[PDB]
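A single chain, nothing else alongside it, follows as structure tokens in the form deposited without its partner chain.
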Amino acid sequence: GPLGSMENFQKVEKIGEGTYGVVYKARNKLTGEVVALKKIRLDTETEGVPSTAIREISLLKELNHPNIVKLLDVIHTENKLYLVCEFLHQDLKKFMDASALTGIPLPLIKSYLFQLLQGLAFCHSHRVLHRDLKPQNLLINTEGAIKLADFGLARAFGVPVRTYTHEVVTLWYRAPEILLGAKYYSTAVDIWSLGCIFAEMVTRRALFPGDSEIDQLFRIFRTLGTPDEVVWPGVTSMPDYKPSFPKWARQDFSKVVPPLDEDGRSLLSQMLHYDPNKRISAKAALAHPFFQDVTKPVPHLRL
């Protein structure tokens, strides 16, 4: 393959298990750059060759932005699939866990949200959705940058219920229109996910930690109120909507994300509107008053 003792890439160490395959830190023997090498194994004896997926993912190599983890190459070889990606030293899930006692400082939360919205605004302007954003695919470096990894993969492969190691794929960041079975996903699904991640950075706890599809939905309903045709036209006609859903009242965001100020609560509320058409866009969010004083702090990382 591309990784091994004498291949194009030398393995440095395993850095994690992704949704689709194992991820290695690797060194390119010719250019000397260190990369993240993602090895997706294909179900060849029942799915056949994934030509459509290779076509779609290869288009992502031109989708370059400072807040998008660069897709350096797509390698289809020996009937397996490898993604060669820019390497960054830590993900936001590990950084949040390591910051559990103190919290991430608010100026760094604001800087990260600002940069993530820039990356979304870029991808969405090129008509590319992520669809499975979560802290694990937000990567950080020591200088203060944060970048989005794995754009385009969910669309090419689908989002499975379990990973390749049979771990549960988290539902915590999934937008309500996905949970309710909408046939069309818009860029709004990523804004929802980012809003959930924003809240988690602020409070140091997941906003909606559902452990099943219905628990995820009902956790959303208990906080935001059970949706109706008033706030979400068409919601009662969605494929998985049931009129027997309990009717919870909406909670004040002051209880949901203390100690976020009014600007941040206003932005978060716009990122979590039920109606995807009403949900704020990434570009509109960048102009929100919450970012009037945004700065670029350096985080305390030890590698």
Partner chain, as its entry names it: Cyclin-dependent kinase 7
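Positions refer to the first chain, counted from 1.
In this entry, 92-100 shows the higher mean Cα temperature factor of the pair 92-100 and 209-217. When the C-alpha B-factors of 23-31 and 239-247 are averaged, 23-31 comes out higher. Ranking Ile40, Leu267, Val69, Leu37 by the C-alpha B-factor listed in the PDB entry places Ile40 at the top. By the numbers in the PDB entry, the CA B factor is greatest at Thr77 among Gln136, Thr223, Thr77, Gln115. In the PDB entry, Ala156 places in the highest third of its chain by CA B-factor. In the PDB entry, a CA B factor belonging to the highest third of its chain's modelled residues is recorded for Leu81. For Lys255, the recorded CA B-factor ranks within the middle third of the chain. Only modelled residues enter the ranking. Split the chain's modelled residues into thirds by C-alpha temperature factor. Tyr164 is in the middle one.
The PDB entry assigns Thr170 a C-alpha temperature factor belonging to the lowest third of its chain's modelled residues.
The following text describes the form deposited with its partner chain bound, which does not appear among the structures shown.
The closest heavy atom approach of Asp97 to its partner chain in the deposited complex falls within 4.5 Å. Among heavy atoms of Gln90, some come within 4.5 Å of its partner chain in the deposited complex.
Interface membership of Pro289, defined by any non-hydrogen atom within 4.5 Å of its partner chain in the deposited complex, is ruled out. Using a 4.5 angstroms threshold between heavy atoms, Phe114 stays clear of its partner chain in the deposited complex. Exactly one listed residue, out of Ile220, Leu139, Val202, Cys196, brings a non-hydrogen atom to within 4.5 Å of its partner chain in the deposited complex: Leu139. For the partner-free chain shown, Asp240, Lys242, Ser244, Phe245 of 228-251 come within 4.5 angstroms of its partner chain in the deposited complex, judged by any non-hydrogen atom.
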